[PDB]
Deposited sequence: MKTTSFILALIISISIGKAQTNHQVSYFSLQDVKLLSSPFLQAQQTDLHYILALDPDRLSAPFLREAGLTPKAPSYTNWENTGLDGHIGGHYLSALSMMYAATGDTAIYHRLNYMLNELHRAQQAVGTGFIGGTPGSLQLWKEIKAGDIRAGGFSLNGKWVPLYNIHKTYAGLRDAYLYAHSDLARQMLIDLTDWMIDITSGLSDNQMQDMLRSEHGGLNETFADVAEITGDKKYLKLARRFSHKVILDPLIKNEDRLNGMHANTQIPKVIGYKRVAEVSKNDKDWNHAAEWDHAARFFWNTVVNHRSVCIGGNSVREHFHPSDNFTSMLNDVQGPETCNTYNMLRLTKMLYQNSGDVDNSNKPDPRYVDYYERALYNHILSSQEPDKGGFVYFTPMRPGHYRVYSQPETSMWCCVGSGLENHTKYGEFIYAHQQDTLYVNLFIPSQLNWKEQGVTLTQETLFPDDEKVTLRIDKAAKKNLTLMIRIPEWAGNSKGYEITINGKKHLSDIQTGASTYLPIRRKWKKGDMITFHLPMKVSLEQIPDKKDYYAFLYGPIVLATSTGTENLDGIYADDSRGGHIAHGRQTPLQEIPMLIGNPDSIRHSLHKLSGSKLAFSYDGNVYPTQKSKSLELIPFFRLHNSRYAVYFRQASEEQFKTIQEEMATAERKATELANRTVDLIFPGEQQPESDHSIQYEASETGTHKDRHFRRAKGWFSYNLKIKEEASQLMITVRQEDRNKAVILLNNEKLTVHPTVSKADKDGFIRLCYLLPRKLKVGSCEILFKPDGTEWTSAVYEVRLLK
């Protein structure tokens, strides 16, 4: 049939490696969560009495119920991988509690969003008030319920719960009823609010049941404004919130898989193609070396990574989790597209890069804790979640990440096995009566062995992946380019057979994709990093506060971080492998400033924890050293000085900064000009500024040619002091700097913008509070 299939997690057992460690640490974190707290939002909205308070953080500020969704997925997948009894009891319990909630309402509805029944009543009637991250005064409710749809799906598919299947079908039938009276225009209006991968889950329900009404529902939930450009090979992603988009694209691809033999619809190949193009543009133009994307959750321009190297909010972990889910889908049928009937190993090159360097790095391996933002800025650190405090999106996906490292190691195609990832594992290839063990100390050693533990004397082809970054193969003791490919080995495999091969690894120096003067060291597919200090690791284990996912500690000026001096080729050659069982390197070349520790020590980024770090280093030629150092010593130092005086910061029109500052508005809009986001209002808009130290100054950014004006109120007191207008920057933005008449005291403070004798407010692009 040529169909490539994936193994279930039951049939791929992880052996001793960093991936098994990560699985076991995640198991401990999953088991630390209290199911009564995660179920509490659901019971409340069903009119039942909760057994415990919900979690705080996002679980009581509008996204109540989203972690419960992920919890079902993570439980279900971890159960499939491990067979853990404690997990089993938790999953059974959680499913039954949500079942009680579903019975109490009796329509199929399950949800945690505060005032859910009121919300979905409004929507069914055609009262749809959508913003980018809001629907009828609620925080991304469609995104929220998607995690339940996905959770119940996963409980059926991975854990074999018939109860979950029935719960999922009732919940999907419920949404058919909610949307039965809405036009396509109304649907697409509603889908302007972030809605996760609802279209994926509804396509999943179509495959599970075999009923095309769910496939009709999936297409109605496919957001057209994103899809239509991607069909025509157009990247319009600049300025967009990135994690919003990737689950839609997963969705479009899934609709195409499940619609492959629908006679009444002929748009499958188009939707498939659109997803392939999306993957192409994000991976090859918008991704850093660790495999992630986005800055402050948003796609910056692909010709300008300045913000990637300057902002502490580097790639979000959810985005990579989702990019890997998309990768898995695209690889599966990649042979059908090019008509080779052979899947494309370049998808695996990316899978490996992102899994080893971003997913594996995003969990603290001993204590546990999940990362939201991984700064690519040289010399900052990343913040970890804690079980009871942190209810972020990146916790949710974090719980899922480490359950399923077995999922992409192999793939099967009739009589053919693809050996894709070099991860110690035992495979049960039941369809050919084969058991197989892969052993390797990779990435700390080059050798891989594949032992046939059991076989039924049938002719089978092992397709061994030969990566870009890597041909002698020893079969049964018998000894026997430059492109992602596969080496076929066909034998009547019997018990005791042994395939030995080596993966040659080299140092590369990989430039930031827009070709600015920044480079990271890699060894094979492993991103290396240096530890730059352990000072001011503020909130490294997060509390439950809004914005506790961000690394808010002191910003170090870039001139204090090691800068690589010379030509890239000699820089690359000056990194030297140290001896020992683990990957470790020293950079022994020209550096600025002087290194007191003699030389720079680099290790795999996935092992660098509880520390500030550089992955990308600033580079400078000897010719350009003077002017580069002047820029870093003056302009960059002052920008760091500004950040270290900053007490609070809001980016209007960016959903999480606004959500974190308790955005309220009346008759308001958001948008983009010159790659910066803004909000404005005909009515008003407001935030709560959170003030850890006393503040002397407020600093508002507008465009100079915007002739609309704004009154500013601070706790209802009108600010009448005249701003110090700065010179307009290249793109037409000016800062208004207001010396406040009294200091804002430690605590909270409302800032409100309403129009000053014009229709709109000024479009505000930044709100910053300074000492």
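The deposited chain is incompletely modelled, with C-alpha atoms absent over 1-21, 492-496, 507-511.
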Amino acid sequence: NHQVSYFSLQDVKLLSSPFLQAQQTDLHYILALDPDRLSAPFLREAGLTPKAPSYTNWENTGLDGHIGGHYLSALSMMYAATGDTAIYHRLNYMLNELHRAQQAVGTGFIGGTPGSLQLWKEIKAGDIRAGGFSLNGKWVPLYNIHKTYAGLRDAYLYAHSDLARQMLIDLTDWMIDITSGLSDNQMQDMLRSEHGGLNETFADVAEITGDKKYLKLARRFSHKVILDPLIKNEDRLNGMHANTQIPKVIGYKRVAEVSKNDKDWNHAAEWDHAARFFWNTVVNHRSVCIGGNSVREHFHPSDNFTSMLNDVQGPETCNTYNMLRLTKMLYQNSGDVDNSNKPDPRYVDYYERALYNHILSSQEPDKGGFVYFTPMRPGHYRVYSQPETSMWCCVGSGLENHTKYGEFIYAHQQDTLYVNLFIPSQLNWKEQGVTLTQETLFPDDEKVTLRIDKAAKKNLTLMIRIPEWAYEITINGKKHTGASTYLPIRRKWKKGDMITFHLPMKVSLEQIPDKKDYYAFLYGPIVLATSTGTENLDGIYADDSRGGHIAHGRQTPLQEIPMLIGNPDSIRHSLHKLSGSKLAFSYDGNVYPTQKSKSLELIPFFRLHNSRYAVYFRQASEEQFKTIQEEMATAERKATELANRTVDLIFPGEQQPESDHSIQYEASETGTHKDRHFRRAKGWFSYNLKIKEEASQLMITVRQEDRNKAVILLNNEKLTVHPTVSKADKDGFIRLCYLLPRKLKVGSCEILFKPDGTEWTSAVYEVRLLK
From here on, numbers count along this sequence of modelled residues.
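384-392 and 667-675 differ in mean CA B-factor, and the higher of the two is recorded for 667-675.
Between 724-732 and 54-62, it is 724-732 that carries the larger average Cα temperature factor according to the deposited entry. Out of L117, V283, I526, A633, it is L117 whose C-alpha atom has the highest B-factor in the PDB entry. The residue among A455, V295, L522, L583 whose C-alpha carries the highest B-factor in the deposited model is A455. In the deposited entry, the Cα temperature factor of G433 places it in the highest third of its chain's modelled residues. The deposited CA B-factor of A32 belongs to the lowest third of values across its chain.
The deposited CA B-factor of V711 belongs to the highest third of values across its chain. Among all modelled residues in its chain, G369 ranks in the lowest third by Cα B-factor. Ranked within its chain, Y541 lands in the lowest third, by CA B factor from the PDB record.
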